[PDB]
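# An overview of the molecular structure
Here are the chains, one letter per residue:
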Amino acid sequence: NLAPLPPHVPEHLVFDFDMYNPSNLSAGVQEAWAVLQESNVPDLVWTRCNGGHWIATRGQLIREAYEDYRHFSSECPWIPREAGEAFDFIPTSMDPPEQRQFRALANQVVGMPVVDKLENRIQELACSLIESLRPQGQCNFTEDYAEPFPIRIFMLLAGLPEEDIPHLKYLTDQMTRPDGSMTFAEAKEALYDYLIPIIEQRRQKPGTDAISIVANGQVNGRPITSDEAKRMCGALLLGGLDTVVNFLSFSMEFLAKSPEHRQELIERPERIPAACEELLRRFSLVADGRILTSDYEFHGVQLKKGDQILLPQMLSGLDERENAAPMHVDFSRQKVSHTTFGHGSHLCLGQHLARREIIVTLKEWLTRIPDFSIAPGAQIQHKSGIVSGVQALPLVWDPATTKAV
Ligand code: HEM
Ligand SMILES: Clc1cc(Cl)c(Cl)c(Cl)c1Cl
Ligand SMILES: [K+]
């Protein structure tokens, strides 16, 4: 339960928040994490949960810590410490300067140039899944769209057969929202056990897929190793398999209960990109951290070398000191402030792919199924972790209110 309070941690800064099962979860994950920003909670607190660690609660500190890699290393970015110690994905577990060379190579397989070329492909799949669900008048959004849409896109880019999805998704889920069946260490080992032969055969007979590019790539002039390639593909796998999936559910859950907001984008489709950004702020869902490289006094608090600090990317945009009425969705919001795709040298490499997947979804879905709602009685459940998600999302609609395009 509660790890004994270290001697250096002030008793009054203790706030036992449990990132894997927050107290106010029933009200929605974002709302549950938002408790850390209530009137009497400090900018920086210590929780004795999950082994004990700090938690920056305001955007100001969060952005600062992410900028200062020398004090806040990505060496151990996962909580609990055991997971963080086993975590060695590239470039995520590295700090500049060494991080850069790998980021450049990763950026080459999921970067903008690659995204633009994938546009038509993305639209075709979006249109396909929706046009098929349309006459049915109902769907289980998580498995009928949220998962297949972005996952099939990722497997395509990676050159991996879709039959492996159930196994891979389960492993990634265990790394973000473990059900207890296995440690982060175990899930990582299994992911690597899966990648090894594939990488080997790709360096051997090089193709045009993401895996082949990484496996046969160069890092600042020199050949990447088999192990480095494995570590990088793990970073790409974790990213394009769990995050967009869940975010689409948070956004659709909201749209399903917001006819006014839907009407907005229906009438003025050009507001979709901006709406996408506001949704990214309001339904931010990622929260990982850093490890102190040395004793350091941060905002009046004595942090110790080895201490772990959670810097919830989610909280920045929900901070009222960054956005007035943060919990309100406003597609017209003048200054959408957030760190949803991270902050600093680790800014999400898949953000461009993610935005495209989000916008295309909204545009292609509202254009075919403009009127829809959440199936009655359904108590929509959220789940918290490194990456928060939506358990299930039953939607319903009158086929007569739809249109084929
Ligand atoms: C809504 C969608 C997404 C969100 C909110 C998101 C969020 C994030 C966050 C917050 C980080 C920073 C972790 C840190 O600083 O420790 C990150 C890193 C990363 N993400 Fe994304 N992610 C998304 C989608 C994707 C996709 C689709 C991919 C493609 C595989 C991806 C690939 C990566 C990679 C490779 C990194 C590591 C970059 C580095 O460490 O330099 N992400 N992402
Ligand atoms: Cl999408 C995504 C990809 C990677 Cl590689 C990491 Cl480390 C995190 Cl934390 C998130 Cl959220
Ligand atoms: K580590």
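Parameters and conventions
Residues numbered from 1 in each chain as written, not as in the entry; some residues may be left out. Chains lettered and ligands numbered in written order. Heavy atoms only, no water. UniProt positions renumbered as here; feature names shortened; annotations may be inferred. Near = heavy atom within 4 Å. Areas by Shrake-Rupley, 256 points an atom, 1.4 Å probe, with all protein chains shown as cover. Helix = DSSP H or I, 4+ residues; strand = E, 2+ residues; numbered from the N terminus. Nonpolar A, V, L, I, M, F, W, Y, C, P; charged D, E, K, R; others polar. Buried < 20%, exposed > 50% of the residue type's maximum accessible area, 1.4 Å probe, protein only. Donors = N, O, S within 2.8 Å, 3.2 Å for Na, K, Ca; no water. Polar contact = N/O pair within 3.5 Å; in protein donor to acceptor, adjacent residues only side chain to side chain. Pairing = 2+ DSSP bridges. Core = buried A, V, L, I, M, F, W, Y, C linked by side-chain atoms within 4.5 Å. Contact = heavy atoms within 4.5 Å.

Per the deposited record, X-ray crystallography is how this structure was determined, to a resolution of 2.1 Å.

Going by what the PDB entry lists, the chain is known as Cytochrome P450-cam and is assigned to Pseudomonas putida. The UniProt entry for the chain carries this comment under Catalytic activity: "2 reduced [2Fe-2S]-[putidaredoxin] + (1R,4R)-camphor + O2 + 2 H(+) = (1R,4R,5R)-5-hydroxycamphor + 2 oxidized [2Fe-2S]-[putidaredoxin] + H2O". Regarding the chain, the UniProt comment filed under Cofactor reads as follows: "heme".

## Notes on the site of ligand 2
Taken together, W78, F87, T92, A235, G239, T243, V286, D288 and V387 make up all the residues around ligand 2. Relative to its unbound accessible surface of 340 Å², ligand 2 loses 84% to contact with the protein. Considering every element that reaches the shell around ligand 2, the biggest residue donor is helix α11 (residues 226-256), with three residues. The residue makeup of the shell around ligand 2, split by class, is five nonpolar, three polar and one charged.

## Things to note about the UniProt feature "binding site: heme" in the chain
UniProt tags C348 as "binding site: heme". Taking the relative accessible area as the measure of exposure, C348 reaches 28% and is therefore partly exposed.

## A closer look at the coordination of the potassium ion (ligand 3)
Surrounding the potassium ion (ligand 3) are the protein donor atoms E75 (O), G84 (O), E85 (O) and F87 (O), at 2.8 to 3.0 Å. The motif formed by the donor residues of the potassium ion (ligand 3), counted along the single chain, is E-x8-G-E-x1-F. Its relative accessible area of 1% is what places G84 among the buried residues.

## A few points about the site of ligand 1
Close to ligand 1 lie 23 residues; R103, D288, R290, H346 and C348 are nearest. Note that an oxygen atom of ligand 1 is positioned 2.5 Å from one of the side-chain N or O atoms of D288. A distance of 2.9 Å is found between an oxygen atom of ligand 1 and a side-chain nitrogen or oxygen belonging to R290. Elements with a contribution of two residues or more to the shell around ligand 1: α4 (98-110), α11 and β7 (288-292). With five residues, the single largest contributor to the shell around ligand 1 is α11. Among the residues making up the shell around ligand 1, the classes are represented as nine nonpolar, 11 polar and three charged.

## What to know about the sheet that holds β7
Strand order in the open sheet formed by five strands is β1-β2-β10-β7-β3, with mixed pairing between adjacent strands. Two strands lie at the open edges of the sheet, namely β1 (44-47) and β3 (72-73), each paired on one side alone. With two bridges connecting them, β3 and β7 associate as antiparallel partners. When the bridges of β7 are listed, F72 appears paired with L292.

## Observations concerning the nonpolar core
As a rule of thumb, soluble globular proteins bury nonpolar side chains together. Grouped together as the largest cluster of nonpolar side chains are 130 residues, with contacts concentrated most on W33, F141, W365, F372 and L395. Per-element accounting of this core gives the leading share, 17 residues, to α11. Ignoring sequence-local partners within four residues, the contact set of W33 consists of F17, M19, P22, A287, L310, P312, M314, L315, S384, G385 and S388.

## Looking at the coordination of the iron atom of ligand 1
Protein coordination of the iron atom of ligand 1 is limited to a single donor, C348 (SG), which sits 2.2 Å from the metal. Here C348 is to be found in the loop between α14 (313-318) and α15 (351-366).

## Notes on helix α7 (residues 148-158)
The element α7 is largely enclosed, with a buried count of nine among its 11 residues. All of the buried residues along α7 are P148, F149, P150, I151, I153, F154, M155, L157 and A158.

## A look at the sheet that holds strand β14 (residues 394-396)
Backbone-to-backbone hydrogen bonds join strands into a sheet, with any given pair of strands oriented parallel or antiparallel. Taken together, three strands build an open sheet; the order of strands is β4-β14-β11 and the sheet is antiparallel. Because the sheet does not close on itself, it has two edges, and the strands there are β4 (138-140) and β11 (373-374).

## Focus on unusual backbone geometry
Following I79, the chain continues into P80 via a peptide bond in cis, with omega recorded as 0°. With respect to the element layout, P80 can be found in the loop between β3 and α3 (81-86). Cis geometry is adopted by the peptide bond preceding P91, which originates at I90 and carries an omega value of 0°. Positionally, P91 belongs in the loop between α3 and α4.

## Points about the environment of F331
Residue placement: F331 occurs in the loop between α14 and α15. Considering only alpha carbons, one finds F331 and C49, 282 residues apart in sequence, at a separation of 36 Å. Excluding anything up to four places from it in sequence, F331 contacts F254, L255, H261, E264, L265, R271, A274, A275, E278 and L279.

## Side note on the side chain of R58
Here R58 shows up in the loop between β2 (53-56) and α2 (59-67). Exposure remark for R58: the relative accessible area of 3% places this residue in the buried category. A distance of 2.7 Å separates the side chain of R58 from the backbone oxygen of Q37, its partner in a polar contact. Residues in contact with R58, not counting those within four places in the same chain, are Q37, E38, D43, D319, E320 and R321.

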